[PDB]
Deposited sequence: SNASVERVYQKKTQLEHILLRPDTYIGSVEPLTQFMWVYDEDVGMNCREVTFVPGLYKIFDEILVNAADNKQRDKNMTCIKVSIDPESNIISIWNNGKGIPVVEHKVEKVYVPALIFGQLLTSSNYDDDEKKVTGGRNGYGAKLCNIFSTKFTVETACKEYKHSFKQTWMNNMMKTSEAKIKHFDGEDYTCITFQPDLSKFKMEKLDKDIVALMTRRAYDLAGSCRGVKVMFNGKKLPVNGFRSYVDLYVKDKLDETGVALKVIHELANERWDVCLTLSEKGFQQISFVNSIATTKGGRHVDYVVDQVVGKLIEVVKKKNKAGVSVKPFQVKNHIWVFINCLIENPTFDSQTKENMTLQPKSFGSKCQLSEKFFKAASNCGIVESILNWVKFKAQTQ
């Protein structure tokens, strides 16, 4: 091999296709025990086989829709459609559209800039302490790159125009946008056909559909004031507590007693539910409507408070050593939070790494909550073990 074959330089776009894992996660199948929303049983936990990168290109568009609630607090609705037979996914939102106007620096229409060029964002000025999920200026381009067809439609009454442009072949082909007069109610609709060959798949199968469907339920639970429709039907989730009910309302502990679920809305930015776990520590958490599936400092911040109080309660009855990991072993926690300018260690945003002092808010759980937590079976489980 010559010097020129050994030492190589890649463009940004080449690098994304060669090294997808740091952008969208694995492009190979994964089997994981997790929660999905199935057609036959609804919410359930089971082994699911899916390609993480395909989940993530969908998630990028879904979180972008949720983010529009921050640009326009009047937004009320996100509509998700998935058709496996045609391989078409669409995500529609109301509230303000994207300005249909030429960017005076980049000399392209704003929607074409921010959906068709890498490293483009409205989230790069951190002096604005935003609680959007978007931070990096990649997500929508990543979906475009991993799609055989990707269509952006947006309508903005302030600029009196609508915009429609389609990209094809992994963002490598496009044509002139259609610009039309518009004076109605604003919306944005992203419609894409994922490039299943990039994921070694033949079709959107039941497992990936059940995971994408569950993310729509997550959003109905996490994004305050936004209703969610899936395949033309409103999702019957109206807030985080009703979302948590999908997991715990019909569940018993191993002794046959219904799980006792405690809840506190500490403030507008923090919603916490807690119950007993009998299968080790479990967390379900969202930051700015992102599913933080590896947790992060927001989970540790809430859990450490509970662990500290419950160690106190146990000690007032343990006349040996109860270590924090033993208490955490019995916690199932659910968190929905809004964090200013969050940081994560990857574009996939599974682990939120911002320190609590920078969150922009606190979640000081009340003494009422801690009293209730001392009665949900965790303390009992610990004390029974202080006999062994």
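Participant: Which parts of the deposited sequence lack C-alpha coordinates in this model? Number from residue 1, please.
Facilitator: The deposited sequence has unmodelled segments at 1 to 2, 322 to 323, 393 to 397.
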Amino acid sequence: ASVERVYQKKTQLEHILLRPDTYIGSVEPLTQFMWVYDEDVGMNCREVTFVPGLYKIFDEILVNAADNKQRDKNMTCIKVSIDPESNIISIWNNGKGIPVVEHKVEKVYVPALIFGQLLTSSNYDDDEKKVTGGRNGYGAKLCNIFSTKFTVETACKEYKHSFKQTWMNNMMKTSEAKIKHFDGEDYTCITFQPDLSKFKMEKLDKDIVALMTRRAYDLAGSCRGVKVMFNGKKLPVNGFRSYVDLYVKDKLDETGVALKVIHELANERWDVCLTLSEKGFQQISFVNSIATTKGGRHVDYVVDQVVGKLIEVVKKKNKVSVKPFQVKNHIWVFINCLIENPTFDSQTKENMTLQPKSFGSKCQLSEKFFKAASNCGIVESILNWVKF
From here on, numbers count along this sequence of modelled residues.
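Take the two forms, find the largest set of C-alpha atoms that superpose within 1.5 Å, and that set is the rigid core.
Participant: To spell it out: superpose each other structure in 6 other deposited structures of this protein onto this one by the rigid core, compute Cα RMS over structures and residues for 330 to 338 and for 348 to 356. Which is larger?
Facilitator: This comes out as 348 to 356, the stretch further from the shown form in 6 other deposited structures of this protein.
Participant: Between 145 to 153 and 275 to 283, which has its CA atoms farther from the current form in 6 other deposited structures of this protein, using a rigid core superposition?
Facilitator: The answer is 275 to 283, which departs more from the shown form in 6 other deposited structures of this protein.
Participant: Check whether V320 has no coordinates in at least a third of the other compared PDB entries of this protein, counting only entries that model residues on both sides of it.
Facilitator: In at least a third of the other entries, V320 has no coordinates.
Participant: Using only the Cα atoms and their B-factors as the entry lists them, report which of 193 to 201 and 253 to 261 averages higher.
Facilitator: Comparing 193 to 201 with 253 to 261, the higher mean C-alpha B-factor belongs to 253 to 261.
Participant: Look up the CA B-factors in the entry and say which stretch, 145 to 153 or 308 to 316, has the higher mean.
Facilitator: Taking the mean C-alpha B-factor of 308 to 316 and of 145 to 153, the larger value falls to 308 to 316.
Participant: Per the entry, which of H298, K234, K130, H181 tops the list for Cα B factor?
Facilitator: Answer for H298, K234, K130, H181: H181, with the highest C-alpha B-factor.
Participant: Maximum C-alpha temperature factor per the entry, among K104, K206, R214, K294, belongs to which one?
Facilitator: Answer, based on the entry's C-alpha B-factors: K104.
Participant: Taking the C-alpha B-factors as the PDB entry records them, is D345 in the lowest, middle or highest third of its chain?
Facilitator: Highest third.
Participant: So where's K323 on the chain's Cα temperature factor ranking, which third?
Facilitator: Top third by C-alpha B-factor.
Participant: If you rank every modelled residue in this chain by C-alpha B factor, which third holds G139: lowest, middle or highest?
Facilitator: Lowest third - that is where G139 ends up once the chain's C-alpha B-factors are sorted.
Participant: Pull the Cα B-factor of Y109 out of the PDB entry and bin it into the chain's lowest, middle or highest third.
Facilitator: For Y109, whose C-alpha B-factor we compare with every modelled residue in the chain, the answer is the highest third.
Participant: Which third of the chain does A177 land in by C-alpha B-factor: lowest, middle or highest?
Facilitator: For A177, the deposited C-alpha B-factor lands in the highest third.
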